[PDB]
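Here are two versions of the same chain, shown separately as structure tokens and labelled structure 1 and structure 2.
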Structure 1
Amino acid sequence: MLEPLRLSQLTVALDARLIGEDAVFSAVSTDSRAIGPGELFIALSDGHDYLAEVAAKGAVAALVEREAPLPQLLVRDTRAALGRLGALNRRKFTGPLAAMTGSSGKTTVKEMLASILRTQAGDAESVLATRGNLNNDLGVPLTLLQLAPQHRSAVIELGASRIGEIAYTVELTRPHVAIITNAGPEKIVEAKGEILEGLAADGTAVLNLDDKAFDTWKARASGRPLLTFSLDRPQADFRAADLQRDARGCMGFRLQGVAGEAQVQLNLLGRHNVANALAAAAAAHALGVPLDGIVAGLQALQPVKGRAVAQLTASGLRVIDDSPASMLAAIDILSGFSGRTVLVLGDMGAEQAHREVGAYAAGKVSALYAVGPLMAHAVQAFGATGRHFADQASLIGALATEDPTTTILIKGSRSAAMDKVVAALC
């Protein structure tokens, strides 16, 4: 929060009645197993059972929708009341603020953006970005309350499980720079351009010229300044040429367009993350970050440990540490590789989905090695070139045999502990 607040100051702004003594809080929690002194509890639904627990823990008060051991600020809707507090704390932040939305890539663009800002600051503390996936109707006001006096910029992820959700949250957020990565199918497009509602008349939009929804959006932006990204089109404001994988596989390209020309080597996989990068770069440009604040910040971004970390062993093996729907994503990642490829899975801890996976793999990867009970079914499904295994050891023995140009991908649940196998080769 930017300053602490005081129950009696809010009955007006929140359309609400104070019950019991006044108080001041500096932070809010919607979760009784994670609250402390100087804090407000928001009873959602059932939070209302746990009023002794939060009191005992030192919350100064509770925000309730129905009416006890601490002061109550009573409202009609506590999801709505939270939304208000967010907007309200957002309106005391006077620094630059970007937000983003799309079907996929919004978190990566968030990370790339934060990285660019933080590098440029350079100071990680000073740029506030959505922790995790708190990007929905509770997530975004909670993230907005994180805003505080040490922050000088902010990056906000906006997801939607429906129509209106983003128009609700984007009102709360009211960003200087909006981003749409990509998009029934017409509901999805309508939903994502709801973000253009929260922009000011001169606020910049950032839009994927390749998307089929490009026009709907261009319309909905209504003359606002507009920055575009493409991996195809020479007219776009932000472009990439000479895409070429490095030896670990991560995507290189020459950035181009209005910000200047430069080489960027990312530490991530897939053509799609080049689009993501162009969008983070467009948004950074908009916030007047110079060409190398951008490049430095993109090149400084490591992936999260255990999620698609591509590395290269001293033996010339290419190895992707990724340790269930994702199994299929992973399979497709691997399927984009040119040599022999090899999928390596421990259990996901009905038995059917392991057969489903096995068959799905077949045709897209040279081989599938696996470990644990359930995975016997997958190896079978996948057919001839599959090898099932009795323990990690015989597996790792088999794997130490593979020639370079071969790409290997490991996956499995945390209780399957396949990190044990990444270590064994790295």
Structure 2
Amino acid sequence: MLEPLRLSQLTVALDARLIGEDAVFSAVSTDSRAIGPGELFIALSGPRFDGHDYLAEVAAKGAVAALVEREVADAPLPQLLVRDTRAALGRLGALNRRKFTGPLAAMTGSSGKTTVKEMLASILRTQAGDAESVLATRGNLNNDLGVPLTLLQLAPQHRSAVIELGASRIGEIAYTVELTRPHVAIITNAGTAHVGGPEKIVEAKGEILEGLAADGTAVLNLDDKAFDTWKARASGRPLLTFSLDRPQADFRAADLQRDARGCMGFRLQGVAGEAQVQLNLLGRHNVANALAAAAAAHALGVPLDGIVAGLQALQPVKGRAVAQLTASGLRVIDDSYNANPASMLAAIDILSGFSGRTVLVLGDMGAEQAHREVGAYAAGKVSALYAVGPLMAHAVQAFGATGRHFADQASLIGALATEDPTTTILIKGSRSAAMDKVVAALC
């Protein structure tokens, strides 16, 4: 928060009634399991719990007051009563954002939101020479609760901000972009694999363009079939386009190449100038993500060497498609952190991109249909599937003849010890499968 707020100065702005003593808070929490001194607790209802049941707990941990939508009789701390706590949270987020005066960029899309966010954050942090001065959305806190929680983290040390906006329903981004009011808005794409109908998806992403600053820059994907609709909706605003295919885009990539790890490198071209960029990430889609981040960074005033350095400094998250090369010349992709069926299919797509022998190495997801569909999707796409775990017995069957189930990791590892250079191996499983032990044994 840019400054502590006083409950009695919010009755008007939140349409609230103060019950009990006045209080001043310098941060907010929506969770009794993660709150401490000086903080406002916000009581939300969900499918599993009701926040209003935890007032004793938050008072004991030092919360100064609770924002509630029903009065709790004889509460152990002051209450600020409103009709809808989701909307009061939204308003608090908007109010904090209006105190912040630095550059703010936002991005939406079907896929690549988080990655463009980390890329852009890396660029701005690299240019500033300090990580703490750039606020970015933590994890995936991007929905109608996540966004105002992120905006509430805006604080006196921040100089710029990078805000992820999720669009899984119509009107969600219309609401969150109005709280956020970015200077630059990015749409990565609409309608990518494994992610309301196509026209709804296009309309939902485009909502970002409505909250954009009046001469704010729109960053748009010239390859996307919805480009012309997004361009119209962007109305007057300055526009920067990116593309892997078109010479007239503002940001372009030439001469795409993988390094020995499999990570993508390219020549950046366009209006920021030309340079070679070596990412630490896999997949052609991450080149498009880099161009979108570069475009935004350029709109914000970052020079070329800041863009390049920021893109090259970004590392993958541990166990999230980390490509490495063993001393034996084996390519091992560590994706052992976690897995769900959708993430499995995204993994398989990455692996099928490689041209020599490909070995998919799987542990169980933490049921039968899903394993079944994962193995089937892999079939005809990678050279082999090695797996461990009883649910993974269903994947191997659906995969076919070069698929092998193993009794424990120990025999899986002995099999992989036999693979030669030019082979790519991808290792993935739920956290409970502990497939990082296989990674460690090879690397």
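For residue numbers, the reference is structure 1: its sequence is counted from 1. In this text, the rigid core denotes the largest set of C-alpha atoms whose superposition between the two forms falls within 1.5 Å.
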* To do: Answer yes if the CA of residue 378 moves 2 Å or more between structures 1 and 2 after aligning the rigid core, and no otherwise.
  => yes
* To do: Check the Cα of residue 331 between structures 1 and 2 on a core superposition and give its shift in Å.
  => 1.2
* To do: Mind pulling the C-alpha shift for residue 359 between structures 1 and 2, with the rigid core superposed, in Å?
  => 2.4
* **Distance the CA of residue 133 travels between structures 1 and 2 [rigid core superposed, Å]** => 0.5
